[PDB]
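Below: the structure, in structure tokens.
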Amino acid sequence: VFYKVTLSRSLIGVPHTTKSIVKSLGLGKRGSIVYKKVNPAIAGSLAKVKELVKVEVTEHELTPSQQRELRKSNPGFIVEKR
Amino acid sequence: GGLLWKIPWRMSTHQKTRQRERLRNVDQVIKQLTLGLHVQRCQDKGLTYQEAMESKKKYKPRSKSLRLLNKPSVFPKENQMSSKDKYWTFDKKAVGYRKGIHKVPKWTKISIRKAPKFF
RNA sequence: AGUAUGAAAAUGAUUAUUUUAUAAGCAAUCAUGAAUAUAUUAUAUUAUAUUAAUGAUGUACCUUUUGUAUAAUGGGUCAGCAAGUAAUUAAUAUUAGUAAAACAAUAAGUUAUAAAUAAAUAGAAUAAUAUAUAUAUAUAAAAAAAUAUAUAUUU
RNA sequence: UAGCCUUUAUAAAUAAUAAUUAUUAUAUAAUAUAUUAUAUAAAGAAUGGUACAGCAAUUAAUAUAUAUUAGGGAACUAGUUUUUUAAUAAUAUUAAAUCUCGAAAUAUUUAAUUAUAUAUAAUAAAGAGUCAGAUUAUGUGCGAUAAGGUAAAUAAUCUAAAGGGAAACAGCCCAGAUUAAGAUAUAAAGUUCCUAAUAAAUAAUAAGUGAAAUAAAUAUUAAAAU
RNA sequence: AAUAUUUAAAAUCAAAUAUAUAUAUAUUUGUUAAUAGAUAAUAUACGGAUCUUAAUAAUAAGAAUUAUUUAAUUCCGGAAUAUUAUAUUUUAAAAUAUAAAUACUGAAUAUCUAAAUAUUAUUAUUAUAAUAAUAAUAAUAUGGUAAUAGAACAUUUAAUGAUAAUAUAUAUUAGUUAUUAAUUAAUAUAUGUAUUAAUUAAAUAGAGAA
RNA sequence: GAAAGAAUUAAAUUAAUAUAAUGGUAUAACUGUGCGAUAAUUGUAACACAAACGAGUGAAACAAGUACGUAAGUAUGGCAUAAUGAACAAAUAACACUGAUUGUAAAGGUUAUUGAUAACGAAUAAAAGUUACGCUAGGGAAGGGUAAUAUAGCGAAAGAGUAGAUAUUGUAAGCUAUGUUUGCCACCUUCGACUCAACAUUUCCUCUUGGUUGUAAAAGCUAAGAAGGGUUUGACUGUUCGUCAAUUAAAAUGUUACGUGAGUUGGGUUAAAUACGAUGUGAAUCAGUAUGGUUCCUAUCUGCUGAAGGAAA
Ligand SMILES: [Mg+2]
Ligand SMILES: [Mg+2]
Ligand SMILES: [Mg+2]
Ligand SMILES: [Mg+2]
Ligand SMILES: [Mg+2]
Ligand SMILES: [Mg+2]
Ligand SMILES: [Mg+2]
Ligand SMILES: [Mg+2]
Ligand SMILES: [Mg+2]
Ligand SMILES: [Mg+2]
Ligand SMILES: [Mg+2]
Ligand SMILES: [Mg+2]
Ligand SMILES: [Mg+2]
Ligand SMILES: [Mg+2]
Ligand SMILES: [Mg+2]
Ligand SMILES: [Mg+2]
Ligand SMILES: [Mg+2]
Ligand SMILES: [Mg+2]
Ligand SMILES: [Mg+2]
Ligand SMILES: [Mg+2]
Ligand SMILES: [Mg+2]
Ligand SMILES: [Mg+2]
Ligand SMILES: [Mg+2]
Ligand SMILES: [Mg+2]
Ligand SMILES: [Mg+2]
Ligand SMILES: [Mg+2]
Ligand SMILES: [Mg+2]
Ligand SMILES: [Mg+2]
Ligand SMILES: [Mg+2]
Ligand SMILES: [Mg+2]
Ligand SMILES: [Mg+2]
Ligand SMILES: [Mg+2]
Ligand SMILES: [Mg+2]
Ligand SMILES: [Mg+2]
Ligand SMILES: [Mg+2]
Ligand SMILES: [Mg+2]
Ligand SMILES: [Mg+2]
Ligand SMILES: [Mg+2]
Ligand SMILES: [Mg+2]
Ligand SMILES: [Mg+2]
Ligand SMILES: [Mg+2]
Ligand SMILES: [Mg+2]
Ligand SMILES: [Mg+2]
Ligand SMILES: [Mg+2]
Ligand SMILES: [Mg+2]
Ligand SMILES: [Mg+2]
Ligand SMILES: [Mg+2]
Ligand SMILES: [Mg+2]
Ligand SMILES: [Mg+2]
Ligand SMILES: [Mg+2]
Ligand SMILES: [Mg+2]
Ligand SMILES: [Mg+2]
């Protein structure tokens, strides 16, 4: 399984220790999403920063291309050339 | 004395509601971490996702941090906490040995759950 | 302080459009009515330009400071003038020429071609890579410390 | 000069950052009590003495119809009835910057593994600026448990940071502006009007108490446990 | 109903969690208010208005204070619906909702929608082709004083350098190019006219700050 | 059953350590003793700790020689942490390196050694004051915070009050209020008089009222409401203050940059002259004394006093 982890709260006032905890998880800007193969190491790293992230378990992971495809909005038209 | 840092001594209803939600969110993060570890243990043993979730026996975490965070006596859940300790934090330089949790720096990120038994 | 030209700005008077005599602050931005002007595709229920109805937002600029709307410094306005340049050298980097040589080409000379020592007449594989060799300290000679040289073609 | 910053690069390069496994014990099994395996519990490999806690040794304080020592209080020719002072024992209570017999969390830190590679560390050539700092929290020294005081120790922000909230606001809560757009989810803060946005439950207040900067000892009037 | 310490969740009691299926151990939470004391000097200062509710009584108010909370608690797999918009035809009213496990506002946050630049990958078109230009997709990044590092524009001068009053230069107004700059149109003045476009080399090369 | 051994266990590092304090020490690092006096020796020193540099600290290993030990081995001073000083220039010895035409010299170099720059990373071999005659370049390296002090109230009441803590009174200690005092910090570099005053109430007088063996009357003391009106002339002194004299119902306390100098004064206090007393050798100096003594401004804005014009009536 995978931990889908989202960086919910920012780091503009976070100690450098927790900031490194986050940076070592692959998380970037606020609202960033990453999937992590569930294991004790990542579990502990996320526990130490539980107050700045959101976590949810999932069967499978999604590559950024798939996440983009799911994020793209619905264009309300179909085009026929003339 | 001179500067005006007009921080009121007591929170408002909306602030209290937001604090309750934040506490609940941290509880949810801990719960999800434990559940993920359990499902991983089941899948390593051979089971699949569906009966890993439906398994009657839930595997407890073996790490110190997770075990302690799961103990209510160390990191009590929101519904377990007391109304006093939800909003007021322990200070030894204040009358009543308490101060509003909203006067703690970066209080929406850092977490306090437990104060001394008799304080 | 040449000549000619000169719708360059600051500045003054007058005219035109528009707003303004119940409304209060860096004078501006956005939102939005209304008047006017121009328009040889305004077909219009059009476009653009000018203008303090009205609404919201908005604490001049530099310097120096931990920090300035600051009642801290400097400025009445505009035009012109006003501040990292020269030689003589050393080191580093890039490209270009030539290349175990380069620059000069009258002779010289400067880098490179061998490391080392305060210096001296010492100076790099006994049929191979440091366990060999050179220098300095010590010499029977080695060992020991520090640098440096050797695995068709010399860098 | 070191520290903090910048440009260009180097490989027999992942050496960097973060977390996990380390331990002790129980149960149930095996294997061969001793292991191995699974599950669980414990603030969980090595180092340390702060909080807390304590009065051990040291330094200080209190008490006794209990004892040792000294002057020794109506009869008296050596020996008392005693809420007689001080010291030493006994017992019971206490504290401390330079006291820790107990003892945290954070912390220092080790190998392997996992994650971070559009990423760290180290090294080579070369170029600066800085060496007046300020608040807010938490431990402290000084001051008077004064100061928008002063001196240093951990974050964070301003410095050099626009934007939302704190009425106004360098330093507080949230969040880091390449340029637009404005549909969606929002952070802190709020939803009677000024001003974007709300409907309810259970108790208390009657003092405009209070409603975005809680003023003390005390006094009065009211609430229930036996 | 009378003599009536204390202001308490330690102890007890009551609800819940984790082990336990005939019951126990461990853990978490629940123990008062009002007034007085009160306190200065331009002007009352919750930012201001103002905020406590009440039958008859109309669409229709009753904290905008304090303390716990909900958007039904609830756990670590539930419904409870004055909602508002239905009726056959029934005739004191009548069938059915959405929408409630994530009410609402809210930033230059994040996503979506488009654009620019740099880099890491994959592509397409065109003429160190293992390149160059342009374009397309995924991902990351783009605040900034002191400071460092790339790139470009305006002015003048020197070298090379056609064209020409149907042109050039300058000025004003209105348009175009992602715009410190050039360009297109109209108008005005001067000039048979560029040290011109472009590449180099150089500066008395850019002023609201003395 | 008993002797003599070997010792073991508890306790002890409080004594002792060459010397402060800390850590260590009985397995002793403490003490006694035999040799000895040797390692309180020589040439390379890796690697670490510490660290800007310069310096500092531990030290494996190779080689030469010593002392102790049966041997294993130990010893490169002291159980450890202080016990110190750069380079220049001089001086002494050794080395056999260079010897400015050659030879020797002279002189330099290498190795060892000496003297202290205590403002102790040390300017030079060598150096104190004064300026109120002073000059230039800069920085500022009454308001604001605090409430120790001052003032005021409150709680409690030990004691006075012929009697009774609470008529009055309230002595050490407790809780607060003000920001008028004396100080504290370093964000921010005129005292008095004259004239005119505005504001507060913590009320001096005037009005209403409660208490007072301690209110018979009168005069009082204490307290609650109350800011409408009112609240001084003169001698001394620069004086605010203060001592007096004479009045008054009273002669209250404060805030306003301790109100008011683009409104007046310039007596005190602020420079240039001079003298006295003290300090100093002297220049000169003094929270000393005395005589004299140079700052001005035509009102742009706000505000205010009084006039007018335009206007929407
Ligand atoms: Mg009007
Ligand atoms: Mg005006
Ligand atoms: Mg300053
Ligand atoms: Mg400001
Ligand atoms: Mg001004
Ligand atoms: Mg100014
Ligand atoms: Mg000026
Ligand atoms: Mg040799
Ligand atoms: Mg430097
Ligand atoms: Mg201990
Ligand atoms: Mg201590
Ligand atoms: Mg690793
Ligand atoms: Mg400094
Ligand atoms: Mg300070
Ligand atoms: Mg920052
Ligand atoms: Mg600065
Ligand atoms: Mg800001
Ligand atoms: Mg508000
Ligand atoms: Mg604002
Ligand atoms: Mg109020
Ligand atoms: Mg309990
Ligand atoms: Mg007021
Ligand atoms: Mg953005
Ligand atoms: Mg930038
Ligand atoms: Mg950014
Ligand atoms: Mg110039
Ligand atoms: Mg100019
Ligand atoms: Mg400019
Ligand atoms: Mg100028
Ligand atoms: Mg010794
Ligand atoms: Mg000792
Ligand atoms: Mg180190
Ligand atoms: Mg060094
Ligand atoms: Mg010895
Ligand atoms: Mg010789
Ligand atoms: Mg000679
Ligand atoms: Mg000699
Ligand atoms: Mg000195
Ligand atoms: Mg010194
Ligand atoms: Mg030193
Ligand atoms: Mg001297
Ligand atoms: Mg004089
Ligand atoms: Mg008495
Ligand atoms: Mg007293
Ligand atoms: Mg009064
Ligand atoms: Mg009378
Ligand atoms: Mg005055
Ligand atoms: Mg006065
Ligand atoms: Mg003036
Ligand atoms: Mg005078
Ligand atoms: Mg004299
Ligand atoms: Mg005279």
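Here's how to read the names in the structure tokens: chain A, B, ... by the order shown, residue numbers from 1 in each chain, ligand numbers from 1 in the order shown.
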Using only C-alpha atoms (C1' of nucleotides) and all ligand atoms, find each protein or nucleic acid residue lying at most 12 Å from ligand 46; present the set as a list in words. residues 212, 215, 216, 217, 218, 219, 220 and 221 of chain F
Create the file for the chosen residues now, containing N, CA and C atoms (P, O5', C5', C4', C3', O3' and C1' of nucleotides) and written as a PDB file, in the first residue's frame.
ATOM      1  P     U F 212     -23.545  59.030  67.231  1.00  0.00           P
ATOM      2  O5'   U F 212     -22.242  59.735  67.820  1.00  0.00           O
ATOM      3  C5'   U F 212     -21.031  58.985  68.023  1.00  0.00           C
ATOM      4  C4'   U F 212     -19.871  59.916  68.281  1.00  0.00           C
ATOM      5  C3'   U F 212     -20.088  60.957  69.367  1.00  0.00           C
ATOM      6  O3'   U F 212     -19.786  60.431  70.652  1.00  0.00           O
ATOM      7  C1'   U F 212     -19.171  61.992  67.444  1.00  0.00           C
ATOM      8  P     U F 215     -17.456  65.099  70.535  1.00  0.00           P
ATOM      9  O5'   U F 215     -18.969  64.603  70.560  1.00  0.00           O
ATOM     10  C5'   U F 215     -19.929  65.187  71.459  1.00  0.00           C
ATOM     11  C4'   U F 215     -20.706  66.272  70.751  1.00  0.00           C
ATOM     12  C3'   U F 215     -22.017  66.677  71.413  1.00  0.00           C
ATOM     13  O3'   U F 215     -21.815  67.756  72.323  1.00  0.00           O
ATOM     14  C1'   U F 215     -22.422  66.102  69.158  1.00  0.00           C
ATOM     15  P     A F 216     -22.031  67.534  73.899  1.00  0.00           P
ATOM     16  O5'   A F 216     -23.406  68.279  74.190  1.00  0.00           O
ATOM     17  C5'   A F 216     -24.646  67.648  73.917  1.00  0.00           C
ATOM     18  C4'   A F 216     -25.815  68.514  74.310  1.00  0.00           C
ATOM     19  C3'   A F 216     -25.897  69.870  73.631  1.00  0.00           C
ATOM     20  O3'   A F 216     -26.451  69.800  72.329  1.00  0.00           O
ATOM     21  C1'   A F 216     -26.251  70.131  75.951  1.00  0.00           C
ATOM     22  P     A F 217     -25.766  70.584  71.107  1.00  0.00           P
ATOM     23  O5'   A F 217     -25.894  72.117  71.514  1.00  0.00           O
ATOM     24  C5'   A F 217     -27.145  72.784  71.469  1.00  0.00           C
ATOM     25  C4'   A F 217     -26.978  74.264  71.689  1.00  0.00           C
ATOM     26  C3'   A F 217     -25.950  74.942  70.800  1.00  0.00           C
ATOM     27  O3'   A F 217     -26.494  75.301  69.543  1.00  0.00           O
ATOM     28  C1'   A F 217     -25.617  75.590  73.057  1.00  0.00           C
ATOM     29  P     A F 218     -25.561  75.408  68.245  1.00  0.00           P
ATOM     30  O5'   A F 218     -24.396  76.385  68.699  1.00  0.00           O
ATOM     31  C5'   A F 218     -24.545  77.791  68.598  1.00  0.00           C
ATOM     32  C4'   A F 218     -23.262  78.488  68.956  1.00  0.00           C
ATOM     33  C3'   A F 218     -22.055  78.095  68.121  1.00  0.00           C
ATOM     34  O3'   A F 218     -21.978  78.806  66.901  1.00  0.00           O
ATOM     35  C1'   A F 218     -21.494  77.981  70.407  1.00  0.00           C
ATOM     36  P     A F 219     -21.300  78.128  65.616  1.00  0.00           P
ATOM     37  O5'   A F 219     -19.817  77.810  66.094  1.00  0.00           O
ATOM     38  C5'   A F 219     -18.903  78.859  66.376  1.00  0.00           C
ATOM     39  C4'   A F 219     -17.581  78.322  66.860  1.00  0.00           C
ATOM     40  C3'   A F 219     -16.918  77.291  65.964  1.00  0.00           C
ATOM     41  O3'   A F 219     -16.224  77.862  64.873  1.00  0.00           O
ATOM     42  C1'   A F 219     -16.905  76.506  68.180  1.00  0.00           C
ATOM     43  P     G F 220     -15.759  76.927  63.656  1.00  0.00           P
ATOM     44  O5'   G F 220     -14.831  75.843  64.359  1.00  0.00           O
ATOM     45  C5'   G F 220     -14.827  74.492  63.931  1.00  0.00           C
ATOM     46  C4'   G F 220     -14.271  73.582  64.993  1.00  0.00           C
ATOM     47  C3'   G F 220     -13.831  72.211  64.518  1.00  0.00           C
ATOM     48  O3'   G F 220     -12.539  72.231  63.946  1.00  0.00           O
ATOM     49  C1'   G F 220     -15.134  71.989  66.477  1.00  0.00           C
ATOM     50  P     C F 221     -12.270  71.509  62.544  1.00  0.00           P
ATOM     51  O5'   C F 221     -12.221  69.968  62.925  1.00  0.00           O
ATOM     52  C5'   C F 221     -11.194  69.468  63.763  1.00  0.00           C
ATOM     53  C4'   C F 221     -11.405  68.013  64.088  1.00  0.00           C
ATOM     54  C3'   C F 221     -11.672  67.104  62.903  1.00  0.00           C
ATOM     55  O3'   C F 221     -10.491  66.726  62.222  1.00  0.00           O
ATOM     56  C1'   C F 221     -13.237  66.652  64.608  1.00  0.00           C
TER      57        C F 221
END
Quick one: which chain F residues come within 8 Å of ligand 47, and what is the nearest atom pair for each with the distance in Å to one decimal, counting only C-alpha atoms (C1' of nucleotides) and all ligand atoms, rows ordered by chain and ascending number, as a tab-separated table?
residue	atom	partner	partner_atom_place_in_ligand_line	distance
F:257	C1'	ligand 47	1 (Mg)	7.2
F:258	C1'	ligand 47	1 (Mg)	6.1
F:259	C1'	ligand 47	1 (Mg)	6.7
F:260	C1'	ligand 47	1 (Mg)	7.8
Dump the neighbourhood of ligand 26 as a PyMOL selection string: all residues within 10 Å, distances computed on only C-alpha atoms (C1' of nucleotides) and all ligand atoms. (chain C and resi 81-83) or (chain E and resi 204-207)
Helix (DSSP H, G or I) positions in chain B, given as a PyMOL selection string: chain B and resi 13-45+49-53+64-70+83-87+101-103
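Distances from E:157, E:74, E:142, E:122 to ligand 25 were compared using only C-alpha atoms (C1' of nucleotides) and all ligand atoms, and the smallest one belongs to E:142.
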